[PDB]
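**Q** Take a look at the following structure, please.
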Amino acid sequence: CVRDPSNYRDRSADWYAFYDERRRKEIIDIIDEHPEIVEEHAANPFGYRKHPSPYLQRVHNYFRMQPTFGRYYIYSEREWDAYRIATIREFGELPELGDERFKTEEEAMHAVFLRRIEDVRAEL
Amino acid sequence: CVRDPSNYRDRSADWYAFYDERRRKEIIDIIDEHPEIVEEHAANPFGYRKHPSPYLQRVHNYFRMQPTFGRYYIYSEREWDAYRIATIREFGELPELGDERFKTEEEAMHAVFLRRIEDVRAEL
Amino acid sequence: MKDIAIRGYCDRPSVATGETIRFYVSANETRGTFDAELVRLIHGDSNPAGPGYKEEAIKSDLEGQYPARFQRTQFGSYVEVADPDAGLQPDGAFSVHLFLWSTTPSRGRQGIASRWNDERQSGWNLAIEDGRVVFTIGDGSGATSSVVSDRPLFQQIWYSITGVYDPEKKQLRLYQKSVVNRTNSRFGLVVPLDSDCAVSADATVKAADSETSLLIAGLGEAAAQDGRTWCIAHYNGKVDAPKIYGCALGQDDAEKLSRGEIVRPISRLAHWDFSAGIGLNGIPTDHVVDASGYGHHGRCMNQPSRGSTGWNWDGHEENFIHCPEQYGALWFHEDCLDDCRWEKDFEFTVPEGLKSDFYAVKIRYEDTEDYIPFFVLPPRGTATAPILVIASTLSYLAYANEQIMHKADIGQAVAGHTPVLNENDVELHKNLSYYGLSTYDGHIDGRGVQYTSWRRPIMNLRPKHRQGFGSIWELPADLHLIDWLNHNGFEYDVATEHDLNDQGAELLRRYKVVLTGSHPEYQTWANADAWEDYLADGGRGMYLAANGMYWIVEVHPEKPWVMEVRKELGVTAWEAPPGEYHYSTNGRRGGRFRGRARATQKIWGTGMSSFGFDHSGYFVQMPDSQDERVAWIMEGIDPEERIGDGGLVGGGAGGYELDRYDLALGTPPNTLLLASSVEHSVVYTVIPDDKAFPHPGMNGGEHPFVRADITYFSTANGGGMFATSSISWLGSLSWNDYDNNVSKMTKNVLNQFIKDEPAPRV
Amino acid sequence: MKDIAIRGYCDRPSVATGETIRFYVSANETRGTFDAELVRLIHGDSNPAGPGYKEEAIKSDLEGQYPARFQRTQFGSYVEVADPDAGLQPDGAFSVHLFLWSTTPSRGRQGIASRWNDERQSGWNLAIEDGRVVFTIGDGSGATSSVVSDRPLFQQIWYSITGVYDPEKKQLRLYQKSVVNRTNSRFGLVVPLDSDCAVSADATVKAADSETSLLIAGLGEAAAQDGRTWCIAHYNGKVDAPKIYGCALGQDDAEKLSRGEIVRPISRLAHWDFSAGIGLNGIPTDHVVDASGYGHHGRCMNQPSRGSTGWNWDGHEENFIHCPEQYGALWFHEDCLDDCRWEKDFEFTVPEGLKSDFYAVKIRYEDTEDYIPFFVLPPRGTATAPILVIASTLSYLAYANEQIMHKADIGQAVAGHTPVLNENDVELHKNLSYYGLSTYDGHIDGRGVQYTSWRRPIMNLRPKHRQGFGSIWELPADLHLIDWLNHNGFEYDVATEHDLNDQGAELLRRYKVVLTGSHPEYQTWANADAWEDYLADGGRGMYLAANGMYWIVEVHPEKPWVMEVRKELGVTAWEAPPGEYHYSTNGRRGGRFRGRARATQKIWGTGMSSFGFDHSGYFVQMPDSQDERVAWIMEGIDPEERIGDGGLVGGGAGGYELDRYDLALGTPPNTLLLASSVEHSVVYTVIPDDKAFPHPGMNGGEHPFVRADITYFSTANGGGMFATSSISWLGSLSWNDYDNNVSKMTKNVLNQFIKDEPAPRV
Ligand SMILES: [Fe+3]
Ligand SMILES: [Fe+3]
C-alpha cells in the first residue's frame, strides 16, 4: 500500500548527482586539455564576429543550464560605470554581491567565467 | 493583380543557392584545416565508444541533411558479404550503383564519406 | 540486381484455432507455379555475431503448388457512385457544380468528377489538364467538345466551379470563381487575386452513355466489366459538395452557388453532402449520402480523409463533430490504399494441435523467396501457457512499407550514419503502386499518411528484413525475444494488439505475466485501459521496450484491417493541418498519449525521453540496485559490472530510444530506480515534448534528460511491473551465447513473475 | 544598494483628449511628499554609443506635491462570498463538502474554505496545516476545537472531503476519500493508494460569528472593516463544487457525496457550481452562482483560472464549452494579481492642444525617480497626422514584471551570455507581492501565468530600464523608432493595441501608413482581422519587427485591463495542462496563430523563423535588390554594401529574433526578397514549429531556416507592405549619427508610403 507521501522521494535525484559528478569531471578535463579557450573568452565574451570554439561552447553549455539557486549574474551599481557579481538567493532576499567592481560588462562576464571555473575546481 | 501562377516563383531558392555556396566553401575549409578527421572517420565511422570530433561532427551535419534526390546510400548485394554505393533516382527508377564492392559496412561508409568530399571539391 | 518476383498478404493478422485465414499472392507475370509451406518463426536476425536465422517446418494441409498470376491493384482515393440505369448521364441539358482545392494543379491530367469512358471518349468529365480546368463531353466517336478555363488554378486555393452543357444553344460554359477567406486557403485576403472567369465554347457532339460509374476525383478507364470501374487519372486535393442539375444554369445561378446557396432544389439530379453522417462518434463509414433524395449513394474507396476542412471553414470551431457544416470536404490523395482487392489463392484452417506462436507461409517462386507472417492464437476463452507475448501489430502497420531514407531529407541525420538498404527498399521505391506508404511518409501533396492497412504486401514485416536505422526494427526485433524464450524452457502464448483491442483485459487476466514486444509505439485507448485494469488488480508485466505508448490509434470500425493515426508536434514526421486533429473513426482528439493526461509513466513507470540511432550504450547501477528489496532482480550480477556492453542492435543495451523516470508525468511513488544508461552520442536528442525553449546542448551527454532507466514497482493484489526502457534490450539477450547481464536479469524477473507467490512489495 | 522607494500605475494605458486618466502611487512608508510632472518620452536607451536619454517637460495642470503613503495589495486568488447576515454561520449542526486537488500540500498553512476570523480565533475553517486536512471551529476566546486527518495528502491527487460539526454529540468529524480515475490526477489507477480516513474528535467550544465573508481558497485575516475582508492563508490548487449543509452528515452521505451525487437538496445552505455560466462564449465573468437557490452569490478575486478540469474529467471532451459538467474547477494560485485596488492619488484630463505621442508622469520622491508611462490618442474620430504608430501594449503586458533570469534555469542558456540586471530586477525579486508575475513565468505550483494586468506597477515599462537578454526590450525599443521619427521631419500619431482592438480597421483607415513597434509578439484575433482589412483595400504598412503575430490573445470583456494567453509547444516558456487549451474569455482555442491557419506570413509577408540573444548580424543583398521595380527602396545604397553592420541592440540589424519568407505558410506570390541576414551564432536555433525530428545542427550557420528576410509586396487599390523581419532593426537607425544603410532604407520606404501616388506594384 501507498499511504504516506513522506515515505517516498524523487529517486531521479540519485542519477542527477551521478550525472553532475561525471559532467564536472569532464568539464575540468576540457579546461585542462585546451587552455587557450580562457583567453579566447577573455578577448571576446559575446563571440561578436568571432564565434567560439566548440570546446569553449561545450564549457558554456555546461555552465549556462544550471539551476538558479546559487547562479551568478552581473549587478549594475551604475550603468556603464560599475559592475559587480551577485549570487541569486531565495525570494525576499537581496543578492550577495561581490567585492571587485568593473568598468565594462565584458570584464564582468569574463570574471564570472573565471569564478565558475574556480567553483567547479573547488568541488573536486 | 495576381492572375497567372507561372509568373511567380519561390524566391527563397535564391537564398538557398547563396547559402549552399557559402556552406560548401566553409566545409572544404574545415577539411583542409583539420586533415586528421578523415582518418578519425576511417577508424570508426559509427563513433562507437569514441565519439567524433566537433569538426568531423560539423562535416557530418553538412552532409546528412541534404535532399534525397542525388544522395548516396549503401546497397547490399549480399548481406555481410558485399556492399555497393548507390545514388537515389526518381520514382520508378532503379538506383545507379557503383563499381567497387566492399566487405563490411564500415568500409562502405568511409567510401561514401570520401566520395562526398570529392563531390564537394568538384563543384568548386 | 536481385529482383523481387512474388508478393502476398493475409486477410487478417491473428487467427485462433478452428477459424480460417486467406492468402492473396501475386507474381510479376502469369506463368509457372509457386510452392508454399508453413514455418514457425524462431529467429530473424542474420548477424554473424548472433545465432543466425532459425525456423521450423510444419507438416500441414496447406502445402502444394498453386498457379502464379499477376493481380492488379487499384491505387488512390475516389468516391464511386454506382449508376447502372444511366440516371447521371442526362439526355438534355445538365450542369455540374463543386468546390475545389487543388494541391498539385500542374501534375499531369487529373479528373475531378466524371461519368467518363476513356478507352472510347464518351460521357462527360470535369478535369484539370495542362494546369487549367476543362469541361469535356463526348459521344464515343473520338471527336469531343471541350471548354477550357482562362485563368489557371493557384495551388491550394478554394475555387467554385460550374460546368454547363446547353443543347438549346449548343454551347458549353464554364464558370470559375475563387472563394478565399481569412482561413481556408494557402494565402489570405491580402493578395489582389484575379482568378475568376466565365468562358464559353461550341458543343459539336452530344454526350453519350459511358457505361461506367460516376466518379469523384478520378476518370474511369474503360467500360465497367464485372460491375467494376477502374479509375486512372487521380486528383490530389479537397473536393466539397458536388451536385448535378438536370437544367442549364446562368451566371447569376453560379454566383449564388458560389456563396453556398442551393439554387433550384427541384432540379438536383444528385447532391452529395460529404459531411452527412457526422455524429458524436465521428463518421466511421464509407457511405456518402445523396442529400437530394434520389438514392444515388456513393462509396469512399481507398479511404480518403473524412472530416476535413471545407471551403467555408473559419477557425471558430476546430472539432469536426461540433461544426459539421464547415467540415464537408474530402482529401483524395493519389497514393492511398487500404486493400489490394486481389483474388484469393489459398486458405488455411488452423488445426486442433498447433501451438500459439509466430508463423509464416514461405512462398517459393523461381529464384525469389517471400514470406507472409501471421499469428496463431490460443482457442477462444482458453490459455495454454503462463506467459503472454503481445505482438505489436499496430506499430507494424505504422511502419508498414516505410520509405524514410528515399523520401525524407532528414533521414540520414536522425540516424547517425549513412543507411544500408536491401532489395526490398529498391522494390518499394520502384513499384510504389503495389505496396503503398507508411505513416512516417508523406503523400505527393506533402501531408502525412494517416491511414495504414494490413491488406497489402508489407515488405518490412518479413523476418529476413534489415532496416535503414541500423540492424532490425519491428518483427525480427520481436523474434529476438521469441528466440530467447525458446532457448530457455519458458512456455508462452502469443496475442496481438488487434486481439487486445477486441478482448480487453479479459485476454490479459488469463496469464501470470504479460510481456511486450520490442517497440510498441502505437496503442489504442482501449489497449491502455486494458493494461491499466490488468496491472491494477494483481497483474504482472514486463516492458522490455521504449517509446511504448506514444501515439493514440483507432482501428476502423467497419474495416478492422485499417488503422488511423493523426500526428502533431512531438517525436513526429508530420503534423496535421490546423483544423484536422480529430479522428474520423471516433470523433475524439487522440494525438499523443502524453497530451491527453495518459503519459506512459502513468502505467508502465517510464516513458519517452530521447531517441538517436548511431550506436547504443550500457547501464550503470544506481544506488537502489544494492537495496535488499530488489535483490531478486540483481541476483547473479556483481555490483561493479556494466550491463549490456555489447549487443546485436546497435552495440549495447541502452540505445536507439530511451525512457526515463518522471514522477510529474505519473510514475508511481514506490518505483525504484535500478540503473541508467550512459555514453550516448550527440545524435541523441531531447524530444520536443520536454523543451520550453531550444537552447544549445540538448544532446546526449550534455543534458540530463538523455538516459534510459531500469525501474520496478509493485501494485496491489500481488502484482508488479518491470521496465527496462530501451529498444536494444532484446537485441542484447543472445550476446556471448546467452551469457551476459541482460539475460540473467531478464531471466531473474521472469522466473519470479511466474511463481504462485505474490510479486515482492517494493 | 540602490533601493526603489516609490511605485505607481495607471487605470488605463491609452486616453484621448477630453477624457481622464488616474494615477495610483505608493511609497514604502507614509511620510513626506512626492513631486510629479508630465514629460514627453523621446528616447530611452542610455548607451554611450547612441543619442542618450531624451525627454521634454510639458507645462500641465498635473504638477504639484502629493502626500506619500503606503498602499496595501491583496495578492492571490480566492472566491469571496459576501454574507452580512451571518447566514453561513449556522447556529446548530452543519457540514462542509468539497473536492480538493492540492499542488503544494506541504507549503505552510493553507485555508481551503472558511468563514474565519484569524485575529480572534472565531468561526469555522477547513484548512491544510502541517500537510494534513484539519477542520477547526472557534468562538473567539482563543480556545478552539480541531479534528485532524490521519492520512496526509498526496500532491495533485483529487480528494473528496467532508467536515461535520455535530452538537448533538458534541463531535467534529472529518471524512476523506480519494477519487482518482484514469485521467484526473498525477498518477493513475495502478498505484495501491490507501488514503481514505474517517476520524472524529470532541467539540468543546461552539462556532461563533466571525464578522467576515465566506472565502474559498483562503482564510480571513481580521474582522471586515469598510466592507472588505483581507485574505492571508492562500491555497494552491483546484477546488471543485463546495457546499454547506444545515444538517449533520453520516459516512453513507459522504460516500454518496464522493460519487458526485447531491444528497438532501432541501438541506443545502449554499452550493457553488463553478461551471454555472459556461455558454458558447466561454465564461467571461467573475460571478459565481449559488446553485442551491439562496442568492449567496460569490465573486472571483484576482482572476483564478476559470474553465479548468474537475474531479470527474475523463478525456473524452477537451473543450470546456461543450462538456461543462466536467469542467467545474478553479485553480487559485497564491500569486495571482489583476488589480492592486489602491486608492487614487491624482488624475489628469487631457487638454485640447496636446500632441498624440508617448507620455509619462515623472514621480520625484526622496532619492528615487519613478515614471508611469501612458499614451495620448488623437481625438475621437480624427487623425492629426499621416503616420500611425501602434504601441504594442499586449506584448507589454505579456512581458510585464518579467523574471526569467531569477526563476528559469534555462534563462542564461537562451541568451548567449551571463545576464546583467538592474535594481528593478532585485526589487521584483525581493518584493514580489507588490508587482506580480509575467506570462513568461510560472506560478509557485509550476503552471505558467495566464492572466496579466495593467493595473499594477510594471517595472520594465519605464524607459530607463535595461533587460536581461542584452540591451533593451519593449518600450525603450519602441522609443528608438520614436526618436528616429522626431529626428527627421515626420509627423505621427500614436495608438495602442487595446485601441485597435476597440476600434477595428476604422482606426487604421484614417492614415496613409501604419508603422509597428519593435516587438508585437501578442495580438488578438480582431487585431489581425483589422490589419488584414486594412492591407486588403489600399492600405500601406511597415513591419519593422519580428515574431510579429505569434500568440493569440483575448482581452477580458468585463475587465479591459486584464489579458489572457494560454500557450502550447512552440516558442514557449510553458505549456497548458492537457484539457485546458481553450480560453475563458471566449470559448475558443487560441493557441499560436500559426496553428489556426493564420500564420504571420499570410498578412505581413514574413513570420517567425529563429531566435537567439548573444549578438546580431547584418544583411546581404539578394538578387532582387537590383530589380528595377524596387529601385525606390535601394536608392542611396551601393549594391556591394552590408546593411546594418553595427547597432545599439546586439551589434547589428538582423538579430535577436528573425523572420523568413515562406510561401507554404501564406507569403503572397508577388513578394520580393530583397536581402537576408548572415553570421548568426550557434545559440540561434530553429523554432520547434519547423521541426519534424530534432537532429543535430539545427543552429545558426548550419541550417537554412536561421535567417532574416527583408521583403516587400503590394496589394490592391494602391497598397503595399514592407517588412524588415528583425527585432534589432530599430536599434540600428541612430547608428553613426543616423548615417547608415538602415536609416536610408527606412527613410526611402517611409517617404514613398506617405505620397498621394499609389505604392509601386510588383
Ligand atoms: Fe516511431
Ligand atoms: Fe516572446
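Within each chain, counting starts at residue 1; across the C-alpha cells, chains are named A, B, ... in the order shown, with ligands numbered 1 upward in that order.
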Determine, counting only C-alpha atoms, which protein, DNA and RNA residues have an atom within 10 Å of an atom of residue 659 of chain D; residues of the same chain fewer than 5 positions away are not included. Present the result as a PyMOL selection string.
**A** chain D and resi 545-548+600-601+605-611+654+676+705-710+723-727
**Q** Report as a VMD selection string the set of chain D residues whose atoms approach chain B to within 10 Å, with distances computed over only C-alpha atoms.
**A** chain D and resid 621 to 624 660 to 664 667 to 676 678 695 to 698 701 to 705 707 709 714 to 717 761 to 762
**Q** Between atom CA of residue 359 of chain D and atom CA of residue 521 of chain D, measure the distance and give it in Å to one decimal.
**A** 22.5 Å
**Q** Pick out the residues sitting within 10 Å of residue 40 of chain B, and hand them over as an MDAnalysis selection string; count only C-alpha atoms, and ignore anything fewer than 2 positions along from it in its own chain.
**A** chainID B and resid 35:38 42:45 47 50:53 56
**Q** Suppose we keep N, CA, C and O atoms; can you now write the selection as a PDB file, in the first residue's frame?
**A**
ATOM      1  N   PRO B  35      43.007  17.913 -41.223  1.00  0.00           N
ATOM      2  CA  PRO B  35      43.017  16.730 -42.089  1.00  0.00           C
ATOM      3  C   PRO B  35      43.002  15.400 -41.353  1.00  0.00           C
ATOM      4  O   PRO B  35      42.975  14.357 -42.013  1.00  0.00           O
ATOM      5  N   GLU B  36      43.020  15.393 -40.024  1.00  0.00           N
ATOM      6  CA  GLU B  36      43.029  14.143 -39.277  1.00  0.00           C
ATOM      7  C   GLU B  36      41.638  13.566 -39.059  1.00  0.00           C
ATOM      8  O   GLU B  36      41.525  12.400 -38.662  1.00  0.00           O
ATOM      9  N   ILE B  37      40.582  14.342 -39.316  1.00  0.00           N
ATOM     10  CA  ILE B  37      39.231  13.842 -39.122  1.00  0.00           C
ATOM     11  C   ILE B  37      38.863  12.809 -40.173  1.00  0.00           C
ATOM     12  O   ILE B  37      37.970  11.995 -39.939  1.00  0.00           O
ATOM     13  N   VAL B  38      39.563  12.787 -41.309  1.00  0.00           N
ATOM     14  CA  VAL B  38      39.319  11.757 -42.310  1.00  0.00           C
ATOM     15  C   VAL B  38      39.797  10.403 -41.806  1.00  0.00           C
ATOM     16  O   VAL B  38      39.099   9.393 -41.936  1.00  0.00           O
ATOM     17  N   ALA B  42      37.733   7.119 -40.737  1.00  0.00           N
ATOM     18  CA  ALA B  42      38.112   5.827 -41.293  1.00  0.00           C
ATOM     19  C   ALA B  42      38.262   4.779 -40.206  1.00  0.00           C
ATOM     20  O   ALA B  42      37.947   3.606 -40.421  1.00  0.00           O
ATOM     21  N   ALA B  43      38.753   5.185 -39.038  1.00  0.00           N
ATOM     22  CA  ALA B  43      38.991   4.225 -37.971  1.00  0.00           C
ATOM     23  C   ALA B  43      37.698   3.747 -37.330  1.00  0.00           C
ATOM     24  O   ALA B  43      37.631   2.603 -36.869  1.00  0.00           O
ATOM     25  N   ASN B  44      36.660   4.582 -37.304  1.00  0.00           N
ATOM     26  CA  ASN B  44      35.458   4.278 -36.541  1.00  0.00           C
ATOM     27  C   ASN B  44      34.290   5.122 -37.041  1.00  0.00           C
ATOM     28  O   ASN B  44      33.977   6.154 -36.437  1.00  0.00           O
ATOM     29  N   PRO B  45      33.614   4.724 -38.122  1.00  0.00           N
ATOM     30  CA  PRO B  45      32.602   5.604 -38.720  1.00  0.00           C
ATOM     31  C   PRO B  45      31.300   5.696 -37.949  1.00  0.00           C
ATOM     32  O   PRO B  45      30.529   6.631 -38.195  1.00  0.00           O
ATOM     33  N   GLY B  47      31.433   5.990 -34.644  1.00  0.00           N
ATOM     34  CA  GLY B  47      31.783   6.632 -33.399  1.00  0.00           C
ATOM     35  C   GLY B  47      31.551   5.762 -32.191  1.00  0.00           C
ATOM     36  O   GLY B  47      31.260   6.279 -31.115  1.00  0.00           O
ATOM     37  N   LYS B  50      33.947   5.968 -29.096  1.00  0.00           N
ATOM     38  CA  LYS B  50      34.856   7.090 -29.283  1.00  0.00           C
ATOM     39  C   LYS B  50      34.100   8.079 -30.160  1.00  0.00           C
ATOM     40  O   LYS B  50      34.084   7.937 -31.382  1.00  0.00           O
ATOM     41  N   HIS B  51      33.482   9.065 -29.525  1.00  0.00           N
ATOM     42  CA  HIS B  51      32.596   9.986 -30.208  1.00  0.00           C
ATOM     43  C   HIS B  51      33.397  10.906 -31.123  1.00  0.00           C
ATOM     44  O   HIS B  51      34.577  11.147 -30.868  1.00  0.00           O
ATOM     45  N   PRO B  52      32.794  11.400 -32.204  1.00  0.00           N
ATOM     46  CA  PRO B  52      33.548  12.207 -33.166  1.00  0.00           C
ATOM     47  C   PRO B  52      34.025  13.531 -32.598  1.00  0.00           C
ATOM     48  O   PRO B  52      33.522  14.043 -31.599  1.00  0.00           O
ATOM     49  N   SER B  53      35.041  14.068 -33.258  1.00  0.00           N
ATOM     50  CA  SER B  53      35.470  15.425 -33.004  1.00  0.00           C
ATOM     51  C   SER B  53      34.376  16.382 -33.459  1.00  0.00           C
ATOM     52  O   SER B  53      33.565  16.036 -34.317  1.00  0.00           O
ATOM     53  N   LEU B  56      34.619  16.980 -37.297  1.00  0.00           N
ATOM     54  CA  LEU B  56      34.021  15.857 -38.006  1.00  0.00           C
ATOM     55  C   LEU B  56      32.511  15.862 -37.850  1.00  0.00           C
ATOM     56  O   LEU B  56      31.783  15.554 -38.798  1.00  0.00           O
TER      57      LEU B  56
END
**Q** Mind checking which residues fall within 7 Å of residue 18 of chain D, counting only C-alpha atoms, ignoring those fewer than 6 positions away in the same chain, and posting them as a list in words?
**A**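 Near residue 18 of chain D, the qualifying residues are residues 349, 350 and 351 of chain D.
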**Q** Save the residues we just selected, C-alpha atoms, as a compact mmCIF listing (two decimals), in the first residue's frame?
**A**
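The new file out-v9.txt reads:
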# COMPACT_ATOMS: atom_id res chain seq x y z
CA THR D 349 -7.70 65.36 -18.04
CA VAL D 350 -6.04 65.65 -21.44
CA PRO D 351 -6.05 69.26 -22.75
**Q** Check every residue of chain D for an atom within 6 Å of chain C, counting only C-alpha atoms, and provide those that qualify as an MDAnalysis selection string.
**A** chainID D and resid 183 186:188 190:192 413:414 536 572:573 578 595:597 602 666 683 692 695:696 715:716
**Q** Please produce an output containing N, CA, C and O atoms for each residue in the selection, written as a CSV table (one decimal), in the first residue's frame.
**A**
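Contents of result_33.csv, freshly written:
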chain,number,residue,atom,x,y,z
D,183,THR,N,-7.5,9.7,-15.6
D,183,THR,CA,-7.1,10.9,-16.2
D,183,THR,C,-7.0,12.1,-15.3
D,183,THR,O,-6.3,13.0,-15.7
D,186,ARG,N,-2.3,13.0,-10.8
D,186,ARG,CA,-0.9,12.9,-11.1
D,186,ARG,C,-0.5,11.5,-11.5
D,186,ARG,O,-0.1,11.3,-12.7
D,187,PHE,N,-0.7,10.6,-10.6
D,187,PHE,CA,-0.6,9.2,-11.0
D,187,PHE,C,-2.0,8.6,-11.2
D,187,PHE,O,-3.0,9.2,-11.0
D,188,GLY,N,-2.0,7.3,-11.7
D,188,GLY,CA,-3.2,6.7,-12.2
D,188,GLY,C,-3.7,5.7,-11.3
D,188,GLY,O,-3.5,5.7,-10.1
D,190,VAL,N,-3.0,2.6,-11.1
D,190,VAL,CA,-2.2,1.4,-10.9
D,190,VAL,C,-1.5,1.4,-9.6
D,190,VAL,O,-1.1,0.3,-9.1
D,191,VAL,N,-1.5,2.5,-8.9
D,191,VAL,CA,-0.8,2.5,-7.6
D,191,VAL,C,-1.8,1.9,-6.6
D,191,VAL,O,-3.0,1.9,-6.8
D,192,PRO,N,-1.3,1.3,-5.5
D,192,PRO,CA,-2.2,0.9,-4.4
D,192,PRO,C,-2.4,1.9,-3.4
D,192,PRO,O,-1.9,1.9,-2.3
D,413,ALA,N,20.9,30.2,-20.8
D,413,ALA,CA,21.2,29.4,-22.0
D,413,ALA,C,20.6,29.9,-23.3
D,413,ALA,O,21.2,29.8,-24.3
D,414,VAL,N,19.4,30.5,-23.1
D,414,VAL,CA,18.7,31.1,-24.3
D,414,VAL,C,19.4,32.4,-24.8
D,414,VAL,O,19.7,32.5,-26.0
D,536,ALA,N,-5.9,44.9,-47.2
D,536,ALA,CA,-6.6,44.4,-48.4
D,536,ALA,C,-7.2,45.5,-49.3
D,536,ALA,O,-7.3,45.2,-50.5
D,572,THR,N,8.0,28.8,-26.5
D,572,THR,CA,7.2,28.9,-25.3
D,572,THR,C,8.1,28.9,-24.1
D,572,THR,O,9.2,28.4,-24.2
D,573,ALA,N,7.5,29.3,-23.0
D,573,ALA,CA,8.1,29.1,-21.7
D,573,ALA,C,7.3,28.1,-20.9
D,573,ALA,O,7.9,27.5,-20.0
D,578,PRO,N,-3.3,19.3,-20.0
D,578,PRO,CA,-3.9,18.7,-21.2
D,578,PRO,C,-5.3,19.1,-21.6
D,578,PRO,O,-5.6,19.2,-22.8
D,595,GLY,N,-1.0,27.8,-35.8
D,595,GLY,CA,-1.8,26.6,-35.7
D,595,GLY,C,-3.3,26.8,-36.0
D,595,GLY,O,-4.0,25.8,-35.9
D,596,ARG,N,-3.7,28.0,-36.3
D,596,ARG,CA,-5.1,28.3,-36.6
D,596,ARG,C,-5.3,28.7,-38.0
D,596,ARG,O,-6.3,29.3,-38.4
D,597,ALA,N,-4.3,28.4,-38.9
D,597,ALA,CA,-4.2,28.8,-40.3
D,597,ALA,C,-4.3,30.3,-40.5
D,597,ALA,O,-4.9,30.8,-41.4
D,602,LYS,N,0.9,35.3,-43.7
D,602,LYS,CA,-0.3,35.4,-44.5
D,602,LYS,C,-0.8,36.8,-44.6
D,602,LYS,O,-1.5,37.2,-45.5
D,666,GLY,N,1.9,31.1,-46.3
D,666,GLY,CA,1.0,32.1,-46.7
D,666,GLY,C,1.6,33.4,-47.3
D,666,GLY,O,0.8,34.4,-47.5
D,683,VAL,N,24.0,29.8,-31.0
D,683,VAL,CA,22.9,29.9,-30.0
D,683,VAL,C,21.6,30.2,-30.7
D,683,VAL,O,20.5,30.1,-30.1
D,692,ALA,N,10.5,18.4,-37.6
D,692,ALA,CA,9.8,17.1,-37.6
D,692,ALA,C,10.5,16.2,-36.5
D,692,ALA,O,10.0,16.0,-35.4
D,695,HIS,N,17.3,16.6,-35.2
D,695,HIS,CA,18.6,16.1,-35.5
D,695,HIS,C,19.7,17.1,-35.2
D,695,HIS,O,19.3,18.2,-34.9
D,696,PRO,N,21.0,16.7,-35.1
D,696,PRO,CA,22.0,17.7,-34.7
D,696,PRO,C,22.1,18.8,-35.8
D,696,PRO,O,22.0,18.5,-37.0
D,715,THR,N,-0.4,45.2,-52.5
D,715,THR,CA,-1.8,44.8,-52.5
D,715,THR,C,-2.6,45.6,-53.5
D,715,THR,O,-2.1,46.5,-54.2
D,716,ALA,N,-3.9,45.4,-53.5
D,716,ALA,CA,-4.8,46.1,-54.4
D,716,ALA,C,-5.1,47.5,-53.9
D,716,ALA,O,-4.8,47.8,-52.7
**Q** Measure the distance from atom CA of residue 270 of chain D to atom CA of residue 136 of chain D in Å and round it to one decimal.
**A** 19.6 Å
**Q** If you run DSSP on this backbone, which residues of segment 2-103 of chain A come out as strand (DSSP E), and could you give them as an MDAnalysis selection string?
**A** chainID A and resid 72:78 82:87 96:97
**Q** Skipping near chain neighbours, those fewer than 2 positions away, what residues fall within 7 Å of residue 563 of chain C using only C-alpha atoms, listed as a list in words?
**A**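 Near residue 563 of chain C, the qualifying residues are residues 451, 452, 453, 553, 554, 555, 556, 561 and 565 of chain C.
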**Q** Tell me, as a PyMOL selection string, which residues lie within 8 Å of segment 88-103 of chain B, counting only C-alpha atoms; anything in the same chain fewer than 3 positions away does not count.
**A** (chain B and resi 68-73+75+80-85+107-108) or (chain C and resi 406+426+429-432)
**Q** Write a file of the selected residues as a short mmCIF file (atom, residue, chain, number, x, y, z; two decimals), in the first residue's frame, keeping N, CA and C atoms.
**A**
data_model
loop_
_atom_site.label_atom_id
_atom_site.label_comp_id
_atom_site.auth_asym_id
_atom_site.auth_seq_id
_atom_site.Cartn_x
_atom_site.Cartn_y
_atom_site.Cartn_z
N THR B 68 17.17 14.27 -50.86
CA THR B 68 17.37 12.87 -51.25
C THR B 68 17.60 12.68 -52.74
N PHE B 69 17.21 13.64 -53.58
CA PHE B 69 17.47 13.48 -55.00
C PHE B 69 18.95 13.69 -55.28
N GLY B 70 19.70 12.60 -55.41
CA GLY B 70 21.12 12.66 -55.63
C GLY B 70 21.95 12.28 -54.43
N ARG B 71 21.33 11.83 -53.36
CA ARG B 71 22.02 11.42 -52.16
C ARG B 71 22.48 9.98 -52.32
N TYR B 72 23.63 9.67 -51.75
CA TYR B 72 24.22 8.34 -51.78
C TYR B 72 23.67 7.49 -50.64
N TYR B 73 23.63 6.18 -50.86
CA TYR B 73 23.43 5.23 -49.77
C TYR B 73 24.14 3.94 -50.13
N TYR B 75 23.94 -0.01 -50.93
CA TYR B 75 23.17 -1.18 -51.32
C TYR B 75 23.85 -2.43 -50.80
N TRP B 80 26.34 -8.96 -45.31
CA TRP B 80 27.59 -9.32 -44.65
C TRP B 80 28.62 -9.90 -45.61
N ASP B 81 28.47 -9.65 -46.91
CA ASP B 81 29.40 -10.12 -47.92
C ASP B 81 29.81 -9.04 -48.90
N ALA B 82 28.87 -8.22 -49.37
CA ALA B 82 29.14 -7.32 -50.47
C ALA B 82 28.28 -6.08 -50.34
N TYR B 83 28.90 -4.92 -50.53
CA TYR B 83 28.24 -3.65 -50.35
C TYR B 83 28.65 -2.72 -51.47
N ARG B 84 27.68 -2.01 -52.04
CA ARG B 84 27.93 -1.08 -53.12
C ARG B 84 27.31 0.26 -52.77
N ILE B 85 27.75 1.30 -53.46
CA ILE B 85 27.28 2.66 -53.23
C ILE B 85 26.30 3.01 -54.34
N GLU B 107 33.58 -0.01 -44.22
CA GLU B 107 34.35 0.36 -45.40
C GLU B 107 33.49 1.11 -46.40
N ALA B 108 32.25 0.67 -46.57
CA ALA B 108 31.32 1.35 -47.47
C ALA B 108 30.98 2.73 -46.95
N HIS C 406 14.49 7.19 -48.64
CA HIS C 406 14.35 7.64 -50.02
C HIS C 406 13.56 8.93 -50.16
N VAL C 426 14.55 -1.01 -52.64
CA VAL C 426 14.52 -0.55 -54.02
C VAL C 426 13.29 -1.06 -54.75
N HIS C 429 10.67 1.42 -53.76
CA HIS C 429 10.89 2.68 -54.45
C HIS C 429 10.54 2.59 -55.92
N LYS C 430 10.63 1.40 -56.51
CA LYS C 430 10.39 1.28 -57.94
C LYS C 430 8.95 0.92 -58.27
N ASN C 431 8.31 0.07 -57.47
CA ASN C 431 6.91 -0.28 -57.67
C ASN C 431 6.11 0.21 -56.47
N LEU C 432 5.82 1.51 -56.43
CA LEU C 432 5.09 2.05 -55.30
C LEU C 432 3.61 1.69 -55.34
#
**Q** From the DSSP assignment of the backbone, select every residue of segment 258-342 of chain C that is helix (DSSP H, G or I), and format the answer as an MDAnalysis selection string.
**A** chainID C and resid 258 324:326
